[PDB]
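What follows is the content of model_35.cif, which has mmCIF, C-alpha atoms and all ligand atoms:
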data_data
loop_
_atom_site.label_atom_id
_atom_site.label_comp_id
_atom_site.auth_asym_id
_atom_site.auth_seq_id
_atom_site.Cartn_x
_atom_site.Cartn_y
_atom_site.Cartn_z
CA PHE X 386 0.00 0.00 0.00
CA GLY X 387 1.35 3.40 -1.05
CA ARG X 388 1.60 6.11 -3.69
CA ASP X 389 1.90 3.59 -6.53
CA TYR X 390 -0.82 1.35 -5.06
CA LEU X 391 -4.02 3.31 -4.24
CA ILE X 392 -6.75 0.90 -5.37
CA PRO X 393 -7.10 -2.81 -6.12
CA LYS X 394 -5.85 -4.14 -9.48
CA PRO X 395 -8.56 -5.22 -11.96
CA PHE X 396 -7.23 -8.84 -11.99
CA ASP X 397 -7.62 -9.10 -8.18
CA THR X 398 -10.07 -11.90 -7.43
CA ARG X 399 -10.82 -10.36 -4.01
CA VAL X 400 -12.67 -7.25 -5.23
CA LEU X 401 -15.80 -9.30 -5.75
CA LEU X 402 -15.45 -10.97 -2.36
CA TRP X 403 -15.01 -7.63 -0.58
CA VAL X 404 -17.16 -5.24 -2.54
CA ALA X 405 -20.22 -7.24 -3.58
CA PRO X 406 -21.13 -8.01 0.02
CA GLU X 407 -20.77 -4.36 1.22
CA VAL X 408 -23.07 -3.35 -1.60
CA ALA X 409 -25.47 -6.07 -0.43
CA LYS X 410 -25.22 -4.73 3.13
CA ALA X 411 -25.85 -1.15 1.96
CA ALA X 412 -28.84 -2.22 -0.11
CA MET X 413 -30.49 -3.94 2.84
CA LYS X 414 -29.52 -1.21 5.30
CA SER X 415 -31.11 1.32 2.93
CA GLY X 416 -34.16 -0.96 2.78
CA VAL X 417 -34.02 -1.25 -1.03
CA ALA X 418 -33.13 -4.88 -0.75
CA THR X 419 -36.07 -7.30 -0.88
CA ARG X 420 -34.04 -10.38 0.06
CA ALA X 421 -31.89 -10.45 3.18
CA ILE X 422 -28.52 -12.17 3.20
CA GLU X 423 -27.90 -13.82 6.56
CA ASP X 424 -24.87 -16.14 6.27
CA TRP X 425 -22.08 -13.95 4.87
CA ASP X 426 -19.46 -16.76 4.71
CA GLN X 427 -21.94 -18.82 2.73
CA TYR X 428 -22.42 -15.75 0.56
CA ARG X 429 -18.72 -15.47 -0.20
CA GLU X 430 -18.72 -19.18 -1.04
CA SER X 431 -21.48 -18.40 -3.53
CA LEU X 432 -19.32 -15.55 -4.94
CA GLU X 433 -16.15 -17.70 -5.27
CA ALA X 434 -18.15 -20.31 -7.19
CA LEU X 435 -18.69 -17.54 -9.69
CA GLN X 436 -14.93 -17.09 -9.96
CA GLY X 437 -13.48 -20.47 -10.90
CA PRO X 438 -10.15 -21.28 -12.58
CA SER X 439 -11.58 -21.22 -16.13
CA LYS X 440 -12.35 -17.55 -15.53
CA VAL X 441 -9.53 -16.45 -13.29
CA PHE X 442 -6.50 -18.77 -13.14
CA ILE X 443 -4.43 -17.08 -15.84
CA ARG X 444 -5.69 -13.68 -14.73
CA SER X 445 -4.37 -14.44 -11.23
CA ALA X 446 -1.07 -15.79 -12.56
CA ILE X 447 -0.45 -12.59 -14.49
CA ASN X 448 -1.31 -10.60 -11.40
CA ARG X 449 1.17 -12.64 -9.42
CA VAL X 450 3.90 -11.98 -12.00
CA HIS X 451 3.12 -8.33 -11.48
CA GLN X 452 3.30 -8.60 -7.66
CA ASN X 453 6.63 -10.33 -7.97
CA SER X 454 8.18 -7.72 -10.26
CA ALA X 455 6.71 -4.87 -8.27
CA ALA X 456 8.04 -6.36 -5.02
CA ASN X 457 11.47 -6.61 -6.62
CA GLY X 458 11.92 -2.97 -7.54
CA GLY X 459 10.17 -3.62 -10.82
CA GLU X 460 12.62 -5.69 -12.85
CA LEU X 461 10.98 -8.19 -15.18
CA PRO X 462 12.45 -11.70 -15.60
CA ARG X 463 14.90 -11.95 -18.46
CA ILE X 464 13.56 -14.78 -20.75
CA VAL X 465 15.50 -16.10 -23.73
CA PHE X 466 13.89 -17.28 -26.90
CA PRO X 467 16.33 -19.25 -29.03
CA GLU X 468 13.91 -19.14 -31.99
CA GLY X 469 14.26 -15.43 -32.69
CA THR X 470 12.63 -15.54 -36.10
CA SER X 471 9.60 -17.64 -35.14
CA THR X 472 6.44 -15.86 -36.30
CA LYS X 473 4.36 -17.27 -33.41
CA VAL X 474 7.02 -16.23 -30.92
CA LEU X 475 7.43 -12.67 -32.12
CA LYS X 476 3.65 -12.17 -32.25
CA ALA X 477 3.28 -13.51 -28.70
CA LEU X 478 6.13 -11.26 -27.54
CA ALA X 479 4.18 -8.24 -28.74
CA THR X 480 1.45 -9.01 -26.22
CA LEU X 481 4.01 -10.03 -23.64
CA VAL X 482 6.27 -6.96 -23.68
CA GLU X 483 3.32 -4.65 -23.76
CA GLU X 484 1.96 -6.14 -20.54
CA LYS X 485 5.26 -6.31 -18.63
CA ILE X 486 5.46 -10.12 -18.27
CA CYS X 487 9.15 -10.40 -19.09
CA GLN X 488 12.11 -8.84 -20.78
CA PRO X 489 12.69 -11.02 -23.84
CA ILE X 490 16.08 -11.76 -25.32
CA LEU X 491 15.96 -13.15 -28.88
CA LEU X 492 18.61 -15.37 -30.52
CA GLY X 493 19.61 -15.26 -34.14
CA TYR X 494 21.23 -13.05 -36.71
CA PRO X 495 20.23 -9.50 -35.72
CA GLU X 496 19.68 -8.23 -39.30
CA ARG X 497 17.40 -11.22 -40.08
CA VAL X 498 15.25 -10.91 -36.93
CA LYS X 499 14.92 -7.10 -37.22
CA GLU X 500 13.80 -7.94 -40.75
CA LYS X 501 11.17 -10.48 -39.76
CA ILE X 502 9.92 -8.13 -37.07
CA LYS X 503 9.50 -5.34 -39.64
CA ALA X 504 7.89 -7.64 -42.20
CA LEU X 505 5.33 -8.65 -39.53
CA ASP X 506 4.95 -5.01 -38.53
CA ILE X 507 5.39 -5.45 -34.78
CA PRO X 508 6.85 -2.16 -33.62
CA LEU X 509 6.73 -3.00 -29.89
CA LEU X 510 9.92 -4.99 -30.29
CA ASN X 511 12.41 -2.41 -31.54
CA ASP X 512 14.11 -2.29 -28.14
CA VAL X 513 14.47 -6.00 -27.59
CA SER X 514 17.92 -7.45 -27.15
CA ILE X 515 18.97 -9.67 -30.02
CA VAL X 516 21.97 -11.92 -29.54
CA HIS X 517 23.97 -13.97 -32.02
CA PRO X 518 25.60 -16.75 -29.97
CA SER X 519 29.06 -17.01 -31.61
CA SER X 520 29.62 -13.29 -31.34
CA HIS X 521 28.39 -12.95 -27.84
CA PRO X 522 31.14 -11.81 -25.53
CA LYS X 523 30.46 -14.60 -23.01
CA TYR X 524 30.43 -17.28 -25.73
CA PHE X 525 33.82 -18.82 -25.00
CA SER X 526 33.31 -18.95 -21.24
CA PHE X 527 30.04 -20.69 -22.04
CA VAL X 528 31.78 -23.29 -24.22
CA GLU X 529 34.35 -23.84 -21.46
CA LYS X 530 31.49 -24.57 -19.06
CA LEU X 531 29.72 -27.00 -21.44
CA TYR X 532 33.05 -28.68 -22.09
CA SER X 533 33.74 -29.15 -18.43
CA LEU X 534 30.26 -30.47 -17.92
CA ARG X 535 30.33 -33.02 -20.70
CA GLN X 536 33.96 -33.83 -21.47
CA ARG X 537 33.43 -37.40 -20.40
CA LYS X 538 30.09 -37.53 -22.20
CA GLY X 539 31.32 -37.22 -25.77
CA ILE X 540 31.78 -33.45 -25.92
CA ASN X 541 35.28 -31.93 -26.13
CA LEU X 542 36.23 -28.31 -26.84
CA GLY X 543 35.79 -28.48 -30.59
CA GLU X 544 32.37 -30.02 -30.23
CA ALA X 545 31.46 -27.77 -27.31
CA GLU X 546 32.20 -24.78 -29.49
CA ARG X 547 30.05 -26.30 -32.25
CA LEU X 548 27.09 -26.86 -29.91
CA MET X 549 27.37 -23.52 -28.20
CA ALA X 550 26.87 -21.89 -31.57
CA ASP X 551 23.35 -23.42 -31.57
CA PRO X 552 20.74 -21.07 -30.02
CA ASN X 553 19.15 -23.88 -28.09
CA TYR X 554 22.44 -24.59 -26.39
CA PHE X 555 23.28 -20.93 -25.99
CA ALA X 556 19.94 -20.24 -24.35
CA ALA X 557 20.24 -23.20 -22.02
CA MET X 558 23.72 -21.97 -21.04
CA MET X 559 22.56 -18.36 -20.49
CA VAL X 560 19.94 -19.66 -18.13
CA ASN X 561 22.38 -21.97 -16.42
CA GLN X 562 25.05 -19.30 -16.02
CA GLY X 563 22.52 -16.71 -14.80
CA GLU X 564 22.68 -14.49 -17.85
CA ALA X 565 19.00 -15.19 -18.09
CA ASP X 566 16.26 -15.94 -15.64
CA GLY X 567 14.51 -18.44 -17.85
CA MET X 568 14.03 -19.61 -21.43
CA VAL X 569 11.27 -20.75 -23.85
CA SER X 570 11.76 -22.97 -26.90
CA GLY X 571 10.24 -25.57 -29.18
CA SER X 572 7.85 -23.43 -31.15
CA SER X 573 9.48 -24.51 -34.38
CA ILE X 574 11.11 -27.93 -33.77
CA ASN X 575 10.12 -31.30 -32.26
CA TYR X 576 10.17 -31.59 -28.48
CA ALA X 577 13.11 -33.92 -28.13
CA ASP X 578 15.44 -31.71 -30.10
CA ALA X 579 14.31 -28.61 -28.22
CA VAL X 580 14.43 -30.22 -24.73
CA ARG X 581 17.65 -32.13 -25.12
CA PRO X 582 20.04 -29.22 -24.80
CA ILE X 583 18.09 -28.12 -21.71
CA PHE O 386 51.77 -43.30 -77.99
CA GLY O 387 52.38 -40.18 -80.02
CA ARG O 388 54.08 -36.81 -80.28
CA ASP O 389 53.23 -36.04 -76.66
CA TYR O 390 54.15 -39.50 -75.43
CA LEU O 391 57.53 -40.71 -76.76
CA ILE O 392 58.80 -42.35 -73.59
CA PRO O 393 57.44 -43.69 -70.32
CA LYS O 394 56.62 -41.17 -67.60
CA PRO O 395 59.43 -41.03 -65.06
CA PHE O 396 57.20 -42.59 -62.43
CA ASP O 397 55.92 -45.41 -64.61
CA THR O 398 56.16 -48.49 -62.37
CA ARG O 399 56.41 -50.84 -65.33
CA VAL O 400 59.85 -49.47 -66.32
CA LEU O 401 61.88 -51.73 -64.01
CA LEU O 402 59.92 -54.80 -65.15
CA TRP O 403 60.64 -53.96 -68.75
CA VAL O 404 64.14 -52.57 -68.72
CA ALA O 405 66.02 -54.48 -66.03
CA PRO O 406 65.55 -57.90 -67.62
CA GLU O 407 66.74 -56.63 -71.03
CA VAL O 408 69.84 -55.16 -69.37
CA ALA O 409 70.41 -58.50 -67.65
CA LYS O 410 69.95 -60.26 -70.98
CA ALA O 411 72.45 -57.94 -72.65
CA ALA O 412 74.92 -58.45 -69.83
CA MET O 413 74.70 -62.18 -70.36
CA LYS O 414 74.94 -62.06 -74.16
CA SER O 415 77.93 -59.74 -73.91
CA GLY O 416 79.71 -62.11 -71.50
CA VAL O 417 80.24 -59.63 -68.65
CA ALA O 418 77.65 -61.34 -66.48
CA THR O 419 79.05 -63.83 -63.98
CA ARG O 420 75.71 -65.23 -62.84
CA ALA O 421 73.21 -66.29 -65.43
CA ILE O 422 69.50 -65.64 -64.97
CA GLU O 423 67.54 -68.71 -65.97
CA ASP O 424 63.88 -68.35 -64.96
CA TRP O 425 62.72 -65.03 -66.43
CA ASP O 426 59.18 -65.22 -65.04
CA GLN O 427 60.66 -65.70 -61.60
CA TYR O 428 62.89 -62.71 -62.25
CA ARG O 429 60.04 -60.44 -63.37
CA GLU O 430 58.14 -61.49 -60.28
CA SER O 431 61.11 -60.65 -58.14
CA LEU O 432 61.20 -57.21 -59.78
CA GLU O 433 57.44 -56.67 -59.15
CA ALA O 434 58.15 -57.32 -55.46
CA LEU O 435 60.53 -54.30 -55.30
CA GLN O 436 57.94 -51.57 -55.96
CA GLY O 437 55.05 -52.45 -53.63
CA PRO O 438 52.19 -50.30 -52.32
CA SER O 439 54.34 -48.80 -49.52
CA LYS O 440 56.47 -47.30 -52.27
CA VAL O 441 53.92 -46.44 -54.99
CA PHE O 442 50.23 -46.67 -53.99
CA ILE O 443 49.54 -43.02 -53.12
CA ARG O 444 51.94 -41.81 -55.83
CA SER O 445 49.86 -43.76 -58.34
CA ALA O 446 46.58 -42.50 -56.92
CA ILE O 447 47.76 -38.92 -57.23
CA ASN O 448 48.95 -39.49 -60.80
CA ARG O 449 45.62 -41.10 -61.53
CA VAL O 450 43.78 -38.02 -60.19
CA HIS O 451 45.90 -35.80 -62.38
CA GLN O 452 45.28 -37.71 -65.61
CA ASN O 453 41.59 -37.97 -64.75
CA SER O 454 41.72 -34.15 -64.52
CA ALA O 455 43.55 -33.85 -67.81
CA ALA O 456 40.94 -35.97 -69.57
CA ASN O 457 38.23 -33.49 -68.53
CA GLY O 458 39.91 -30.28 -69.64
CA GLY O 459 41.82 -29.72 -66.44
CA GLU O 460 38.65 -29.88 -64.37
CA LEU O 461 39.32 -30.50 -60.70
CA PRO O 462 36.80 -32.24 -58.46
CA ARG O 463 34.88 -29.74 -56.37
CA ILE O 464 35.30 -30.95 -52.77
CA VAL O 465 33.46 -29.19 -49.95
CA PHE O 466 34.85 -29.01 -46.41
CA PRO O 467 32.23 -28.07 -43.85
CA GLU O 468 34.91 -27.39 -41.21
CA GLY O 469 36.24 -24.27 -42.87
CA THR O 470 38.01 -23.18 -39.69
CA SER O 471 39.87 -26.41 -38.83
CA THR O 472 43.59 -25.70 -38.74
CA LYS O 473 44.31 -29.32 -39.89
CA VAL O 474 41.92 -28.99 -42.80
CA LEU O 475 43.38 -25.66 -43.96
CA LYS O 476 47.02 -26.79 -43.62
CA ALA O 477 46.31 -29.92 -45.60
CA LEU O 478 44.44 -27.80 -48.16
CA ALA O 479 47.70 -25.87 -48.72
CA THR O 480 49.36 -29.08 -50.04
CA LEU O 481 46.25 -30.30 -51.85
CA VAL O 482 45.69 -27.08 -53.77
CA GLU O 483 49.38 -26.64 -54.43
CA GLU O 484 49.58 -30.16 -55.90
CA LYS O 485 46.42 -29.72 -58.05
CA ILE O 486 44.40 -32.46 -56.26
CA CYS O 487 41.05 -30.71 -55.87
CA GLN O 488 39.17 -27.48 -55.84
CA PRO O 489 38.13 -26.89 -52.20
CA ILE O 490 34.95 -25.16 -51.07
CA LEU O 491 35.07 -24.04 -47.45
CA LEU O 492 31.99 -23.57 -45.21
CA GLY O 493 31.64 -21.05 -42.38
CA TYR O 494 31.47 -17.31 -41.74
CA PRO O 495 33.89 -15.94 -44.37
CA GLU O 496 35.33 -13.29 -42.01
CA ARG O 497 36.37 -15.81 -39.35
CA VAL O 498 37.88 -18.33 -41.78
CA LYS O 499 39.83 -15.57 -43.59
CA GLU O 500 41.01 -14.55 -40.12
CA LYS O 501 42.14 -18.11 -39.56
CA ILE O 502 43.87 -18.35 -42.95
CA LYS O 503 45.72 -15.13 -42.28
CA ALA O 504 46.53 -16.20 -38.70
CA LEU O 505 48.07 -19.44 -39.98
CA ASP O 506 49.63 -17.73 -43.02
CA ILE O 507 48.52 -20.00 -45.88
CA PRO O 508 48.55 -17.62 -48.78
CA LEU O 509 47.58 -20.20 -51.41
CA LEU O 510 44.04 -20.08 -50.05
CA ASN O 511 43.19 -16.45 -50.65
CA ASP O 512 41.28 -17.70 -53.69
CA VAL O 513 39.27 -20.47 -52.06
CA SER O 514 35.51 -20.24 -52.21
CA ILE O 515 33.98 -19.70 -48.82
CA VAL O 516 30.27 -20.27 -48.41
CA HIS O 517 27.99 -19.44 -45.54
CA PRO O 518 25.24 -22.05 -45.87
CA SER O 519 22.13 -20.01 -45.01
CA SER O 520 23.05 -17.18 -47.42
CA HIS O 521 23.81 -19.35 -50.43
CA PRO O 522 21.46 -18.95 -53.43
CA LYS O 523 20.54 -22.65 -53.48
CA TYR O 524 19.84 -22.75 -49.73
CA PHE O 525 16.04 -22.83 -49.79
CA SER O 526 16.07 -25.18 -52.79
CA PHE O 527 18.20 -27.46 -50.64
CA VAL O 528 15.84 -27.13 -47.69
CA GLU O 529 12.96 -28.18 -49.92
CA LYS O 530 14.91 -31.24 -51.05
CA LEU O 531 15.71 -32.26 -47.45
CA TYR O 532 12.07 -31.73 -46.51
CA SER O 533 10.81 -33.96 -49.30
CA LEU O 534 13.48 -36.49 -48.36
CA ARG O 535 12.70 -36.83 -44.64
CA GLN O 536 9.23 -35.30 -43.99
CA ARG O 537 8.08 -38.65 -42.61
CA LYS O 538 11.32 -39.06 -40.67
CA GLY O 539 10.82 -36.17 -38.28
CA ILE O 540 11.79 -33.32 -40.61
CA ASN O 541 9.20 -30.86 -41.82
CA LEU O 542 10.05 -27.48 -43.39
CA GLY O 543 10.94 -25.66 -40.18
CA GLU O 544 13.45 -28.25 -39.05
CA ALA O 545 14.73 -28.76 -42.60
CA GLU O 546 15.50 -25.10 -42.58
CA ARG O 547 17.29 -25.33 -39.22
CA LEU O 548 19.38 -28.38 -40.24
CA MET O 549 20.33 -27.10 -43.68
CA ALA O 550 22.05 -24.15 -41.95
CA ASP O 551 24.49 -26.67 -40.46
CA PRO O 552 27.64 -26.93 -42.63
CA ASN O 553 27.55 -30.73 -42.43
CA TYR O 554 23.99 -30.88 -43.74
CA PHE O 555 24.79 -28.22 -46.32
CA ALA O 556 27.84 -30.07 -47.64
CA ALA O 557 25.98 -33.37 -47.79
CA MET O 558 23.24 -31.66 -49.78
CA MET O 559 25.71 -29.98 -52.12
CA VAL O 560 27.22 -33.31 -53.00
CA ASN O 561 23.75 -34.85 -53.38
CA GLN O 562 22.44 -32.09 -55.65
CA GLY O 563 25.57 -32.01 -57.80
CA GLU O 564 26.81 -28.58 -56.77
CA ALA O 565 29.93 -30.29 -55.45
CA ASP O 566 31.53 -33.58 -56.50
CA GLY O 567 32.45 -34.86 -53.08
CA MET O 568 32.91 -33.85 -49.45
CA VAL O 569 35.29 -34.42 -46.57
CA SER O 570 34.32 -33.87 -42.98
CA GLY O 571 34.92 -35.01 -39.49
CA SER O 572 38.20 -33.32 -38.72
CA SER O 573 36.92 -31.65 -35.58
CA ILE O 574 33.88 -33.60 -34.30
CA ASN O 575 33.20 -37.27 -33.56
CA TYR O 576 32.40 -39.65 -36.39
CA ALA O 577 28.77 -40.40 -35.54
CA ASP O 578 27.80 -36.81 -35.70
CA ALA O 579 29.81 -36.22 -38.87
CA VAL O 580 28.54 -39.25 -40.75
CA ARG O 581 24.88 -39.04 -39.73
CA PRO O 582 23.92 -36.13 -42.00
CA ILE O 583 25.76 -37.79 -44.89
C1 LIG X 601 37.05 -43.11 -37.66
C2 LIG X 601 36.41 -43.62 -36.36
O1 LIG X 601 37.06 -43.59 -35.36
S1 LIG X 601 34.70 -44.25 -36.24
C3 LIG X 601 34.78 -44.55 -34.50
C4 LIG X 601 33.53 -45.25 -33.95
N1 LIG X 601 32.43 -45.44 -34.96
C5 LIG X 601 31.18 -44.80 -34.60
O2 LIG X 601 31.10 -44.19 -33.61
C6 LIG X 601 29.89 -44.91 -35.49
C7 LIG X 601 29.04 -46.06 -34.73
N2 LIG X 601 27.80 -46.09 -35.45
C8 LIG X 601 26.77 -45.09 -35.07
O3 LIG X 601 26.98 -44.32 -34.15
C9 LIG X 601 25.49 -45.12 -35.84
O4 LIG X 601 25.47 -46.43 -36.40
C10 LIG X 601 25.53 -44.06 -36.99
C11 LIG X 601 26.21 -42.79 -36.52
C12 LIG X 601 26.35 -44.69 -38.18
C13 LIG X 601 24.15 -43.66 -37.50
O5 LIG X 601 23.15 -44.24 -36.74
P1 LIG X 601 22.17 -43.25 -35.74
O6 LIG X 601 23.02 -42.32 -34.91
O7 LIG X 601 21.35 -44.20 -34.91
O8 LIG X 601 21.17 -42.29 -36.66
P2 LIG X 601 20.19 -42.99 -37.68
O9 LIG X 601 20.59 -44.46 -37.72
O10 LIG X 601 18.68 -42.84 -37.28
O11 LIG X 601 20.53 -42.16 -39.18
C14 LIG X 601 21.44 -42.85 -40.05
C15 LIG X 601 20.85 -42.99 -41.47
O12 LIG X 601 21.60 -43.77 -42.21
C16 LIG X 601 20.89 -45.23 -42.35
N3 LIG X 601 21.80 -46.16 -41.83
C17 LIG X 601 22.61 -45.98 -40.77
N4 LIG X 601 23.34 -47.10 -40.55
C18 LIG X 601 22.95 -47.97 -41.51
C19 LIG X 601 23.36 -49.27 -41.76
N5 LIG X 601 24.36 -50.19 -41.09
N6 LIG X 601 22.80 -49.95 -42.80
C20 LIG X 601 21.89 -49.38 -43.59
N7 LIG X 601 21.49 -48.09 -43.34
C21 LIG X 601 22.02 -47.41 -42.29
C22 LIG X 601 19.81 -45.17 -41.56
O13 LIG X 601 18.66 -45.93 -42.06
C23 LIG X 601 19.44 -43.67 -41.49
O14 LIG X 601 18.87 -43.28 -42.65
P3 LIG X 601 17.20 -43.13 -42.76
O15 LIG X 601 16.72 -42.81 -41.40
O16 LIG X 601 16.82 -41.99 -43.65
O17 LIG X 601 16.66 -44.43 -43.34
#
As structure tokens, the full file:
Amino acid sequence: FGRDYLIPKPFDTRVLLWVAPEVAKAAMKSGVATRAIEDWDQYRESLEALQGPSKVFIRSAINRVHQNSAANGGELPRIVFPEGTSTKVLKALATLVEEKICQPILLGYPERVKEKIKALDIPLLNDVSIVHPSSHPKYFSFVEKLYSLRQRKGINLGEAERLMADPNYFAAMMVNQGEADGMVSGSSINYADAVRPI
Amino acid sequence: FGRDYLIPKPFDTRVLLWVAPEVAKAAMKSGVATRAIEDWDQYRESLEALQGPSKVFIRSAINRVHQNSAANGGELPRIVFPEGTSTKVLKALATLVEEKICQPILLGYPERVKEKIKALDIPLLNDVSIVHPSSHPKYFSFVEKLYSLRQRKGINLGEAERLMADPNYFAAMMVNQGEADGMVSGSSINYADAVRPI
């Protein structure tokens, strides 16, 4: 509660629970009610039934994301998308960035993704970070890490370098190494291939 | 036999088989021999034994490549190397190009492989074709081919597109489609991974 929180949020499931009964109370107290409510707990049960998960679960999730970011000085989670040119992904990110759900980082050749974004006419993404794995400054430290993790599992430095050039691997490593808070993939390839580097 | 072939080539392996027994014969007929050769078949065999594969096999292969070339107007086989930045591959390519064995096509980001070539100082490769798979004119044509080849083996257009950006897949496709006459890979990754796209 404060200067940046003066009223409930619209996606707050409690407004109904709090407000509808006080309105009920005021209607009866003013005598304009024709049906008295006696059991108020039972009444709130009746109100919650009206607010089930098919209506409110996602709404509440989003709210919670917002409470989390707000309670952390407002930073949004950094989420990497290895499929930077995926039409579905970019279009979703429009919605997503506009509503402060995360700070996306896209992977791919910058010129080619700025191009797909312009072709699809999504202007909300002109600020988004775009990273090409091989030319990322932390690339070689990443390959060292993958190497050390899998040197006795068929992956030496040459091969680690090769894999780390793949966005799926780069993303997984960013998340692992804390250069990202999470990642989302598989919009454009089969699950096994997308999940394996994770 | 003709105006451009009046004698054996210096490295003709038949020369000993042909000349040495006639010299022996002449030595005997002229009376300067002190040990007569009786079984000539046995002698010619003994001479065959003196120039075995450890002495001539690769020499003969290389000559055979050259005269193959000559019979097609000096055409060299186009061989693609997906590991355009392998120091072993480049160093060997120095010899190979210098000795007219093939016409190499390197795969990778042209800037980084030219950096490598300059770093290792192989000046005979300033002329070598360097191709970045995704930005080659026949790239999408290739992707289509791969798609139609394995659409019922877990590869639809999206994934075909992703794979065909891999130098190994690109090289294999070049050889398949006749844009290159052969390919050599596996210098810097394990065999399974190198051979699988082939
Ligand atoms: C120089 C050296 O040191 S080699 C050292 C050790 N040797 C090795 O590690 C290779 C051991 N062999 C292997 O790992 C596997 O057999 C591989 C790499 C050859 C390929 O097999 P997998 O990894 O299982 O992939 P997969 O088999 O699904 O793809 C191979 C393709 O070639 C075909 N293929 C592979 N092996 C064969 C085979 N013996 N006979 C006929 N077809 C084959 C497959 O049918 C498949 O093609 P398709 O799916 O379109 O029909």
Within 12 Å of chain O, which residues of chain X come that close, and what is the closest atom pair and distance in Å for each? Count only C-alpha atoms and give it as a Markdown table.
| residue | atom | partner | partner_atom | distance |
| --- | --- | --- | --- | --- |
| X:467 | CA | O:547 | CA | 11.9 |
| X:468 | CA | O:547 | CA | 10.1 |
| X:470 | CA | O:543 | CA | 11.0 |
| X:471 | CA | O:543 | CA | 9.6 |
| X:472 | CA | O:543 | CA | 11.5 |
| X:493 | CA | O:547 | CA | 11.5 |
| X:494 | CA | O:519 | CA | 10.9 |
| X:497 | CA | O:520 | CA | 11.0 |
| X:519 | CA | O:494 | CA | 10.4 |
| X:520 | CA | O:497 | CA | 10.8 |
| X:538 | CA | O:575 | CA | 11.8 |
| X:539 | CA | O:575 | CA | 8.0 |
| X:540 | CA | O:574 | CA | 8.6 |
| X:541 | CA | O:574 | CA | 8.5 |
| X:542 | CA | O:573 | CA | 9.4 |
| X:543 | CA | O:573 | CA | 6.0 |
| X:544 | CA | O:574 | CA | 5.6 |
| X:545 | CA | O:574 | CA | 9.4 |
| X:546 | CA | O:574 | CA | 10.2 |
| X:547 | CA | O:574 | CA | 8.5 |
| X:548 | CA | O:574 | CA | 10.5 |
| X:550 | CA | O:551 | CA | 10.4 |
| X:551 | CA | O:551 | CA | 9.5 |
| X:552 | CA | O:547 | CA | 10.7 |
| X:553 | CA | O:547 | CA | 11.4 |
| X:571 | CA | O:544 | CA | 10.7 |
| X:572 | CA | O:543 | CA | 9.8 |
| X:573 | CA | O:543 | CA | 6.1 |
| X:574 | CA | O:544 | CA | 5.8 |
| X:575 | CA | O:539 | CA | 7.8 |
| X:576 | CA | O:539 | CA | 10.8 |
| X:577 | CA | O:539 | CA | 10.6 |
| X:578 | CA | O:544 | CA | 9.8 |
| X:579 | CA | O:544 | CA | 10.9 |
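Copy-to-copy comparison places chain X at a Cα RMSD of 1.7 Å from chain O, following a least-squares fit over all residues.
In this structure, atom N2 of ligand LIG 601 (chain X) sits 8.7 Å away from atom CA of residue O:580.
Atom CA of residue X:424 is positioned 13.5 Å from atom CA of residue X:407.
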Quiz item: Near stretch 489-491 of chain O, counting all atoms listed in the file, which residues have an atom at most 12 Å away, once you skip same-chain residues fewer than 6 positions from it, shown as number ranges by chain?
Solution: O: 461-471, 474-475, 477-483, 497-499, 502, 509-518, 552-553, 555-556, 559-560, 564-570
Could you put an axis-aligned box around every listed atom of ligand LIG 601 (chain X), padded by 6 Å on each side, and send me its centre and edge lengths in Å to one decimal, as AutoDock Vina command-line options?
--center_x 26.9 --center_y -46.1 --center_z -38.6 --size_x 32.4 --size_y 20.2 --size_z 22.0
Self-check item: Residue contacts of residue X:390 (12 Å, only C-alpha atoms) excluding same-chain residues fewer than 6 positions away, as a ChimeraX atom specification
Solution: /X:452,455-456
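In this structure, atom CA of residue O:581 sits 5.1 Å away from atom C14 of ligand LIG 601 (chain X).
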